[PDB]
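Note: the block below is input.pdb and it holds PDB, N, CA and C atoms.
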```
ATOM      1  N   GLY A   1      -3.163   6.542   1.556  1.00  0.00           N
ATOM      2  CA  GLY A   1      -2.076   7.100   0.808  1.00  0.00           C
ATOM      3  C   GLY A   1      -1.115   7.757   1.744  1.00  0.00           C
ATOM      4  N   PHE A   2       0.148   7.788   1.397  1.00  0.00           N
ATOM      5  CA  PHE A   2       1.147   8.363   2.272  1.00  0.00           C
ATOM      6  C   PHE A   2       2.355   8.834   1.493  1.00  0.00           C
ATOM      7  N   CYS A   3       2.935   9.904   1.931  1.00  0.00           N
ATOM      8  CA  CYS A   3       4.109  10.441   1.311  1.00  0.00           C
ATOM      9  C   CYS A   3       5.097  10.807   2.378  1.00  0.00           C
ATOM     10  N   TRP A   4       6.304  10.300   2.271  1.00  0.00           N
ATOM     11  CA  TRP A   4       7.317  10.609   3.248  1.00  0.00           C
ATOM     12  C   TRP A   4       7.845  12.008   3.015  1.00  0.00           C
ATOM     13  N   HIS A   5       8.668  12.156   2.017  1.00  0.00           N
ATOM     14  CA  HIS A   5       9.207  13.446   1.657  1.00  0.00           C
ATOM     15  C   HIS A   5       8.907  13.729   0.195  1.00  0.00           C
ATOM     16  N   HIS A   6       9.609  13.049  -0.684  1.00  0.00           N
ATOM     17  CA  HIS A   6       9.386  13.195  -2.113  1.00  0.00           C
ATOM     18  C   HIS A   6       8.606  12.003  -2.623  1.00  0.00           C
ATOM     19  N   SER A   7       8.893  10.852  -2.062  1.00  0.00           N
ATOM     20  CA  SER A   7       8.229   9.651  -2.448  1.00  0.00           C
ATOM     21  C   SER A   7       6.829   9.617  -1.854  1.00  0.00           C
ATOM     22  N   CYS A   8       5.894   9.898  -2.700  1.00  0.00           N
ATOM     23  CA  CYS A   8       4.508   9.950  -2.363  1.00  0.00           C
ATOM     24  C   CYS A   8       3.797   8.769  -2.971  1.00  0.00           C
ATOM     25  N   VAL A   9       3.245   7.941  -2.139  1.00  0.00           N
ATOM     26  CA  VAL A   9       2.511   6.795  -2.577  1.00  0.00           C
ATOM     27  C   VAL A   9       1.056   7.218  -2.726  1.00  0.00           C
ATOM     28  N   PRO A  10       0.527   7.221  -3.968  1.00  0.00           N
ATOM     29  CA  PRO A  10      -0.852   7.631  -4.249  1.00  0.00           C
ATOM     30  C   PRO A  10      -1.868   6.801  -3.481  1.00  0.00           C
ATOM     31  N   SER A  11      -3.030   7.374  -3.274  1.00  0.00           N
ATOM     32  CA  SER A  11      -4.093   6.718  -2.584  1.00  0.00           C
ATOM     33  C   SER A  11      -4.522   5.442  -3.312  1.00  0.00           C
ATOM     34  N   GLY A  12      -4.540   4.380  -2.569  1.00  0.00           N
ATOM     35  CA  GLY A  12      -4.796   3.083  -3.093  1.00  0.00           C
ATOM     36  C   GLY A  12      -3.549   2.294  -2.925  1.00  0.00           C
ATOM     37  N   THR A  13      -3.197   2.091  -1.690  1.00  0.00           N
ATOM     38  CA  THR A  13      -1.980   1.465  -1.340  1.00  0.00           C
ATOM     39  C   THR A  13      -2.092  -0.043  -1.381  1.00  0.00           C
ATOM     40  N   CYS A  14      -1.311  -0.629  -2.219  1.00  0.00           N
ATOM     41  CA  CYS A  14      -1.274  -2.034  -2.319  1.00  0.00           C
ATOM     42  C   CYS A  14      -0.146  -2.566  -1.495  1.00  0.00           C
ATOM     43  N   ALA A  15      -0.500  -3.229  -0.437  1.00  0.00           N
ATOM     44  CA  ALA A  15       0.444  -3.906   0.385  1.00  0.00           C
ATOM     45  C   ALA A  15       0.234  -5.384   0.177  1.00  0.00           C
ATOM     46  N   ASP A  16       1.285  -6.070  -0.146  1.00  0.00           N
ATOM     47  CA  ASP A  16       1.240  -7.488  -0.431  1.00  0.00           C
ATOM     48  C   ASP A  16       1.526  -8.307   0.809  1.00  0.00           C
ATOM     49  N   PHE A  17       0.585  -9.113   1.157  1.00  0.00           N
ATOM     50  CA  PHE A  17       0.649  -9.991   2.297  1.00  0.00           C
ATOM     51  C   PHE A  17       0.476 -11.425   1.810  1.00  0.00           C
ATOM     52  N   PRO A  18       0.767 -12.438   2.641  1.00  0.00           N
ATOM     53  CA  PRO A  18       0.479 -13.837   2.296  1.00  0.00           C
ATOM     54  C   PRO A  18      -1.024 -14.025   1.983  1.00  0.00           C
ATOM     55  N   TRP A  19      -1.361 -15.087   1.322  1.00  0.00           N
ATOM     56  CA  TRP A  19      -2.726 -15.314   0.937  1.00  0.00           C
ATOM     57  C   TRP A  19      -3.590 -15.842   2.065  1.00  0.00           C
ATOM     58  N   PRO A  20      -4.911 -15.565   2.033  1.00  0.00           N
ATOM     59  CA  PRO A  20      -5.581 -14.850   0.934  1.00  0.00           C
ATOM     60  C   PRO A  20      -5.677 -13.339   1.101  1.00  0.00           C
ATOM     61  N   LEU A  21      -4.770 -12.760   1.825  1.00  0.00           N
ATOM     62  CA  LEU A  21      -4.713 -11.326   1.889  1.00  0.00           C
ATOM     63  C   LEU A  21      -4.145 -10.817   0.575  1.00  0.00           C
ATOM     64  N   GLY A  22      -2.931 -11.241   0.281  1.00  0.00           N
ATOM     65  CA  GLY A  22      -2.274 -10.862  -0.948  1.00  0.00           C
ATOM     66  C   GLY A  22      -2.083  -9.375  -1.050  1.00  0.00           C
ATOM     67  N   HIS A  23      -2.082  -8.875  -2.249  1.00  0.00           N
ATOM     68  CA  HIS A  23      -2.024  -7.457  -2.469  1.00  0.00           C
ATOM     69  C   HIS A  23      -3.377  -6.853  -2.121  1.00  0.00           C
ATOM     70  N   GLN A  24      -3.478  -6.402  -0.890  1.00  0.00           N
ATOM     71  CA  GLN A  24      -4.707  -5.860  -0.341  1.00  0.00           C
ATOM     72  C   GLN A  24      -5.309  -4.734  -1.165  1.00  0.00           C
ATOM     73  N   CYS A  25      -4.523  -3.696  -1.421  1.00  0.00           N
ATOM     74  CA  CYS A  25      -4.970  -2.520  -2.191  1.00  0.00           C
ATOM     75  C   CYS A  25      -6.166  -1.851  -1.515  1.00  0.00           C
ATOM     76  N   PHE A  26      -5.879  -0.912  -0.661  1.00  0.00           N
ATOM     77  CA  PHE A  26      -6.912  -0.275   0.135  1.00  0.00           C
ATOM     78  C   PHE A  26      -6.818   1.258   0.053  1.00  0.00           C
ATOM     79  N   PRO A  27      -7.918   1.994   0.370  1.00  0.00           N
ATOM     80  CA  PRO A  27      -7.939   3.441   0.282  1.00  0.00           C
ATOM     81  C   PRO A  27      -7.145   4.098   1.398  1.00  0.00           C
ATOM     82  N   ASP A  28      -5.928   4.390   1.083  1.00  0.00           N
ATOM     83  CA  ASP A  28      -4.985   5.033   1.965  1.00  0.00           C
ATOM     84  C   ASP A  28      -3.888   5.572   1.088  1.00  0.00           C
TER      85      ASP A  28
END
```
Please express what this file holds, its structure, as structure tokens.
Amino acid sequence: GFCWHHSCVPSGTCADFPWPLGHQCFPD
């Protein structure tokens, strides 16, 4: 999970990559 200033991305970050990675969705 990460927050820059106001925009805080909750833990469980889904980053979309080409397949078969795709939307990874990992604990961060």
Residue by residue, what does the PyMOL selection byres ((chain A and resi 15) around 6.5) grab here? Present the result as a PyMOL selection string. chain A and resi 13-14+16-17+22-26
Quick one: distance from atom CA of residue A:4 to atom N of residue A:27 in Å, one decimal?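 Taking atom CA of residue A:4 as the start and atom N of residue A:27 as the end point, the length is 17.7 Å.
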For atom CA of residue A:6 and atom CA of residue A:28, the interatomic separation in Å (one decimal):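 Going from atom CA of residue A:6 over to atom CA of residue A:28 covers 17.0 Å.
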Specify the axis-aligned box that encloses all atoms of stretch 2-19 of chain A listed in the file after padding of 3 Å on each side, stating its centre and edge lengths in Å to one decimal as JSON.
```
{"center_x": 2.4, "center_y": -1.1, "center_z": -0.5, "size_x": 20.4, "size_y": 35.6, "size_z": 13.5}
```
Please identify all polymer residues within 7 Å of residue A:2, counting only N, CA and C atoms, omitting same-chain residues fewer than 5 positions from it, and present them as a CSV table (one decimal) with N, CA and C atoms, in the coordinates of the input.
```csv
chain,number,residue,atom,x,y,z
A,7,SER,N,8.9,10.9,-2.1
A,7,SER,CA,8.2,9.7,-2.4
A,7,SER,C,6.8,9.6,-1.9
A,8,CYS,N,5.9,9.9,-2.7
A,8,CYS,CA,4.5,10.0,-2.4
A,8,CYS,C,3.8,8.8,-3.0
A,9,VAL,N,3.2,7.9,-2.1
A,9,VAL,CA,2.5,6.8,-2.6
A,9,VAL,C,1.1,7.2,-2.7
A,10,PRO,N,0.5,7.2,-4.0
A,10,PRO,CA,-0.9,7.6,-4.2
A,10,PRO,C,-1.9,6.8,-3.5
A,11,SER,N,-3.0,7.4,-3.3
A,11,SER,CA,-4.1,6.7,-2.6
A,11,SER,C,-4.5,5.4,-3.3
A,28,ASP,N,-5.9,4.4,1.1
A,28,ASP,CA,-5.0,5.0,2.0
A,28,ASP,C,-3.9,5.6,1.1
```
Backbone-only DSSP, strand (DSSP E or B) members of chain A, as a ChimeraX atom specification: /A:2-3,8-9,13,16,23,26
Coords for chain A, C-alpha atoms, as a tab-separated table (two decimals), in the first residue's frame:
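Final output, result-v3.tsv:
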```tsv
chain	number	residue	atom	x	y	z
A	1	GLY	CA	0.00	0.00	0.00
A	2	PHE	CA	1.19	3.50	-0.66
A	3	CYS	CA	0.03	7.04	-0.28
A	4	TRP	CA	1.64	10.01	-1.91
A	5	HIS	CA	-0.01	12.97	-0.28
A	6	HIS	CA	-3.78	12.75	-0.25
A	7	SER	CA	-4.15	9.94	-2.69
A	8	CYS	CA	-3.69	6.90	-0.57
A	9	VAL	CA	-3.84	3.57	-2.27
A	10	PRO	CA	-5.13	1.00	0.29
A	11	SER	CA	-3.19	-2.14	0.99
A	12	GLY	CA	-3.78	-4.63	-1.74
A	13	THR	CA	-2.39	-2.92	-4.70
A	14	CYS	CA	-3.59	-4.15	-7.98
A	15	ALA	CA	-1.16	-3.45	-10.70
A	16	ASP	CA	-2.21	-4.64	-14.10
A	17	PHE	CA	0.45	-6.25	-16.20
A	18	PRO	CA	0.30	-8.34	-19.43
A	19	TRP	CA	-0.79	-11.93	-18.97
A	20	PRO	CA	-0.49	-14.15	-17.13
A	21	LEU	CA	0.53	-11.55	-14.62
A	22	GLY	CA	-2.52	-9.41	-15.20
A	23	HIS	CA	-3.90	-7.56	-12.26
A	24	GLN	CA	-1.45	-8.92	-9.73
A	25	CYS	CA	-3.12	-7.56	-6.56
A	26	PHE	CA	-0.51	-7.94	-3.86
A	27	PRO	CA	-0.10	-6.93	-0.16
A	28	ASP	CA	1.35	-3.47	-0.42
```
